[PDB]
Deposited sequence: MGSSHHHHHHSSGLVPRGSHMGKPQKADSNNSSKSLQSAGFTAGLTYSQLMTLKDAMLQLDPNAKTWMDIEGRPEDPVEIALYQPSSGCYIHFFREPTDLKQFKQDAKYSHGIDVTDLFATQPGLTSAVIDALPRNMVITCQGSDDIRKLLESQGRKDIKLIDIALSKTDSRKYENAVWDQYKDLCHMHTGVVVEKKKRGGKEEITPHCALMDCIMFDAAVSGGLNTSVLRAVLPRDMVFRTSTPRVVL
């Protein structure tokens, strides 16, 4: 499938707010060859890109749900196909992107022809990166309700589910001494994130 020419031009419209000279975090949930949640975050401006994708490898998705994102696969059946490839194509040229663990972000961008994107690796330890975790969830819990399952960590203690958006927000908080003052606003309209079908009309 893919996005129509009108959607691609609308996506091109929404991508203009991103300041290409501002700090931009990027995190994904799921493997880079088969991602299911993608998030970009500019803390200075408050603009964030957030959308989902149906997985190709169902066997690996179940493992990632048990030990990371805890997403029910049935909640990803109405996503817009091809949005990931289109958003990556529409990112500004030679944009610099910040991430905790730059390996998987680099693989996703190179697999989509965007070798021009510069990446900076913030190497924070596992428990250091998620110090603001409870504070980020309490402030922006209404921005993602997709994480419904119980996530555990092998040696089987239950943990908070990993969200691509909340990760970008809490990672920037760890290197900035706290949450940014800017209020978040979504770059992408909801009609492009979820392929919504016409419901039955009550006559």
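Problem - Deposited-sequence segments unaccounted for in the coordinates - result: Those parts of the chain that were deposited but carry no coordinates are 1-42, 198-201.
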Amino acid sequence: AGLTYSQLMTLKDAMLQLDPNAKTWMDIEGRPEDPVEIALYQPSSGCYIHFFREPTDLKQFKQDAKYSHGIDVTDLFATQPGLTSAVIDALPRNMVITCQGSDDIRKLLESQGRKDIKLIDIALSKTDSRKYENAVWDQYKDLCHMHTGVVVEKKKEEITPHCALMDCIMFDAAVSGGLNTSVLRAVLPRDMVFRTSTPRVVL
From here on, numbers count along this sequence of modelled residues.
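So that the term is clear: the rigid core is the largest set of C-alpha atoms that superpose within 1.5 Å between two forms.
Exercise for the section: Return whichever of 62-70 or 172-180 has the larger RMS Cα deviation from the displayed form in 6 other deposited structures of this protein, where every structure is aligned on the rigid core. Expected result: Stretch with the larger root mean square C-alpha distance in 6 other deposited structures of this protein: 172-180.
Handout entry: residue 154 not built in a third or more of the other entries
Key = It is, since residue 154 is left out of at least a third of the other entries that model both flanking stretches.
Practice task
Can you check if, in at least a third of the other PDB entries compared, residue 198 has no modelled coordinates?
Solution key: Counting only entries that model residues on both sides, residue 198 is unresolved in at least a third of them.
Handout entry: Of 75-83 and 127-135, the one with larger mean CA B-factor
Key = In the deposited entry, the stretch with the higher C-alpha B-factor mean is 127-135.
Exercise for the section: Mind pulling up the entry and telling me whether 31-39 or 157-165 has the higher mean Cα temperature factor? Expected result: The recorded data point to 157-165.
Practice task
Just grab whichever of 48, 171, 140, 52 has the top CA B-factor as deposited.
Solution key: Spelled out: the listed residue with the top C-alpha B-factor is 140.
Exercise for the section: Among all modelled residues of this chain, ranked by Cα B factor, put residue 152 in the bottom, middle or top third, i.e. lowest, middle or highest. Expected result: For residue 152, the deposited C-alpha B-factor lands in the highest third.
Exercise for the section: Check where residue 101 lands among this chain's C-alpha B-factors and tell me if it's the lowest, middle or highest third. Expected result: It belongs to the highest third of the chain when residues are ordered by C-alpha B-factor.
Practice task
Could you say whether, by C-alpha temperature factor, residue 178 belongs to the lowest, middle or highest third of its chain?
Solution key: Its C-alpha B-factor belongs to the highest third of this chain's values.
Handout entry: Chain-relative CA temperature factor third for residue 63
Key = For residue 63, the deposited C-alpha B-factor lands in the lowest third.
Exercise for the section: Going by the recorded CA B-factors, say which third of the chain residue 93 sits in, lowest, middle or highest. Expected result: For residue 93, whose C-alpha B-factor we compare with every modelled residue in the chain, the answer is the highest third.
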